[PDB]
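# Examination of the molecular architecture
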Amino acid sequence: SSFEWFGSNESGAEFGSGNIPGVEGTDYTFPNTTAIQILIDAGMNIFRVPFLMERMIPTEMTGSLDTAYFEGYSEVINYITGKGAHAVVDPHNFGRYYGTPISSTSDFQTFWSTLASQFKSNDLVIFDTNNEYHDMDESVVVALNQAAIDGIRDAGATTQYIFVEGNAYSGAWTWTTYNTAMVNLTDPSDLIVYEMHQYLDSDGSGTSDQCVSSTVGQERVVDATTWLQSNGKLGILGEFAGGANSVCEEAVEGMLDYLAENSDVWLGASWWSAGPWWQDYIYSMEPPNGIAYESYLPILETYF
Ligand SMILES: *[C@@H]1O[C@H](CO)[C@@H](O[C@@H]2O[C@H](CO)[C@@H](O)[C@H](O)[C@H]2NC(C)=O)[C@H](O)[C@H]1NC(C)=O
């Protein structure tokens, strides 16, 4: 292999974000375990599974677990890890709860204790503090990541890796601009990995199948790599995608090339995304039909 990890996001349980709590099979759905097996069969060994905070612990983030939503969610997590792959537990929330930016470190830490308690003995679980903090003050974002860490560990979830995420959608290309204060994160178990996202379209939003250039991928992860090398941190590219065309594919190959050459900071990547409701989606990695599945899986498998 080139990386310690390589996998895909498995979306569905976070869809219908406009509808809280929402109803399974209408607003949202869970990932298909059979389809995950196919990607395991192909050589993928880590799976990031988004979910909404408000659906997991309704009303208040110090509250109790929704039994139904948590069992739909855990069934997928226990399938991934029961097959010996890592499962990334991902509250897909942008640093906001019911749309308000999160500003209580003690409440966020209570949220994470409650959640991380239900997974404390599954070493294959990874905890992801929050998906893409944005438009919040840097200090608050940093403290929230430290709150999550504290609630995870104090819940006894002490062997699992913790993916922490930066401000500014935790993009790699803006990391040294917004997220230099994220060095000051500690963890008693010392298993912090910095999870960065990188898309290759003009604004980096990853909503287009067009890339800026066949070198834009590596160009957008060089700064972030020297920050990890300099300050002695580990990184994982938690989301990345390209359109099904040659220029994009060249840019993903050149970025992954660069990351794999720097294996000593970069532990791997995860594609955005797989999951059973993507259909026509320009980045769908979901078998048997997904546009990325046909075009990129043959490419990415070179790095497994
Ligand atoms: C989950 O994934 C499996 C594997 O892709 C899907 O099974 C396929 O289902 C369609 C028709 O329903 C068939 O064309 C394929 O032959 C099936 N492949 C199998 C069984 O390996 C299954 O439909 C998916 N379930 C969902 C999306 O709910």
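As recorded in the PDB header, X-ray crystallography is the method behind this entry, and the stated resolution is 2.24847339752 Å.

### What about the overall build of the protein chain?
For the protein chain, the count of helices and strands is 11 helices and 10 strands. What you see for the protein chain is a C-alpha radius of gyration of 18 Å, in line with the 19 Å of a compact globule of 304 residues. With the C-alpha coordinates aligned to their principal axes, the bounding extent of the protein chain is approximately 50 × 45 × 35 Å. Across the 304 residues of the protein chain, 57% fall into the buried class. Intrachain contacts of the protein chain at a sequence separation of at least 6 include 78% that bridge at least 24 residues. When the accessible surface of the protein chain is totalled, it reaches about 11300 Å², and 46% of it is carbon and sulfur. Taken as two groups, the 8 positive and 41 negative side-chain charges of the protein chain have centres that lie 7 Å from each other.

### Some remarks on the state of the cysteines
A complete count under the given rule lists one disulfide for this structure. A disulfide bridge connects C211 with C248, and the sulfur atoms are separated by 2.0 Å. One quick way to see it: the torsion about the S-S bond of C211 and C248 is about 110°, and its sign makes the bridge right-handed. Placement of the pair is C211 in the loop between β8 (192–199) and α7 (216–219) and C248 in helix α9 (residues 246–261), with a sequence separation of 37 residues. Overall, the relative accessible area of 0% leaves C248 in the buried class.

### Structural notes on helix α5 (residues 138–154)
Helix length check: α5 (17 residues) gives 24 Å between terminal C-alpha atoms against 24 Å at 1.5 Å per residue, within 8%. The element α5 is extensively covered by neighbouring structure, given that 12 of its 17 residues are classed as buried. Along α5, the positions that sit buried rather than exposed are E138, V141, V142, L144, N145, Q146, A147, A148, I149, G151, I152 and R153. Where the residues of α5 are buried, they touch α4 (105–117), β6 (125–128), β7 (162–164), α6 (175–178) and β8. Backbone geometry just after α5 places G156 at a positive phi near 80°.

### Points about the site of the ligand
Inspection of the region around the ligand gives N32, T34, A35, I38 and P287 as its neighbouring residues. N32 is positioned with one of its side-chain polar atoms (N or O) 2.4 Å from an oxygen atom of the ligand. In isolation the ligand exposes 580 Å². Once the protein is present, 27% of that is buried.

### Brief notes about the pattern of salt bridges
This structure, assessed with the given rule, holds six salt bridges. When the shortest N-O distance is used, the salt bridge between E165 and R48 registers 3.1 Å. Of the two residues, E165 is situated in the loop between β7 and α6 and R48 in strand β2 (residues 46–51); the sequence distance between them amounts to 117 residues. Each member of the pair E165 and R48 is classed as buried. One salt bridge in this structure joins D187 and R153, with 2.8 Å as the shortest N-O distance. Of the two residues, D187 sits in the loop between α6 and β8 while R153 sits in helix α5, which places them 34 residues apart along the sequence.

### As for the packing of aromatic side chains
Inspection of the entire model under this criterion finds 26 aromatic pairs. A ring pair is formed by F6 and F240, whose centres lie 5.9 Å apart and whose planes are at 80°; its orientation type is edge-to-face. Of this pair, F6 sits in strand β1 (residues 5–10) while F240 sits in strand β9 (residues 235–241), and the two are 234 residues apart along the sequence. There is no split in this pair, since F6 and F240 are both buried. The interplanar angle of 75° and the centroid separation of 5.0 Å between the aromatic rings of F240 and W271 together place this pair among those described as edge-to-face. Within this pair, whereas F240 is found in strand β9, its partner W271 is found in strand β10 (residues 266–274), the two being separated by 31 residues in sequence. For the pair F240 and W271, a shared accessibility class is recorded, and that class is buried. An aromatic cluster of three or more residues is present, and its members are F3, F6, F240, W271, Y296, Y303 and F304. The ring of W173 carries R220 above its face, with NZ or CZ at 4.2 Å from the centroid.

Conventions and cut-offs
Along each chain, residues carry numbers from 1 upward in sequence order, and these need not match the entry's numbering; residues missing coordinates do not appear. Side-chain calculation: all heavy atoms of the structure are included, whereas hydrogens and water are not. Strands are runs of DSSP state E lasting at least two residues, helices are runs of H or I lasting at least four, and both sets are numbered from the N terminus onward. As defined in this context, the radius of gyration uses C-alpha atoms, and a globule is described by 2.2 Å times the residue total to the power 0.38. Here's how the labels work: a residue is buried when its accessible area is under 20% of the maximum for its type, exposed when over 50%, partly exposed in between, all with a 1.4 Å probe on protein chains only. By definition, residues are in contact when any of their heavy atoms lie within 4.5 Å. Residue burial considers only the protein chains on display, and all accessible areas are found by Shrake-Rupley using a 1.4 Å probe. Residues scored as positive are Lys and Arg, those scored as negative are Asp and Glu, and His as well as the terminal groups of each chain are ignored. Think of each charge as sitting on NZ of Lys, CZ of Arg, CG of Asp or CD of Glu. Here, two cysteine sulfur atoms that lie within 2.5 Å of each other are counted as a disulfide. Residue count minus one, scaled by 1.5 Å, sets the expected span of a helix. The rule for a residue being near a molecule or strand is that one of its heavy atoms must lie within 4 Å of it. Side-chain atoms alone can form a polar contact between residues adjacent in sequence; in general such a contact is a pair of N or O atoms within 3.5 Å, and within protein one must be able to donate a hydrogen while the other accepts it. Whenever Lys or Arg places a side-chain nitrogen within 4 Å of a carboxyl oxygen from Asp or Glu, that contact is recorded as a salt bridge. In summary, the pairing rule links any two rings of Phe, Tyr or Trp, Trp by its six-membered ring, whose centres are within 6.5 Å, and it sorts them by plane angle into stacked for under 30 degrees, edge-to-face for over 60 and tilted for everything else. Either the NZ atom of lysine or the CZ atom of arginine qualifies as a charge over a ring when it sits within 6 Å of the ring centre and within 35 degrees of the ring normal.

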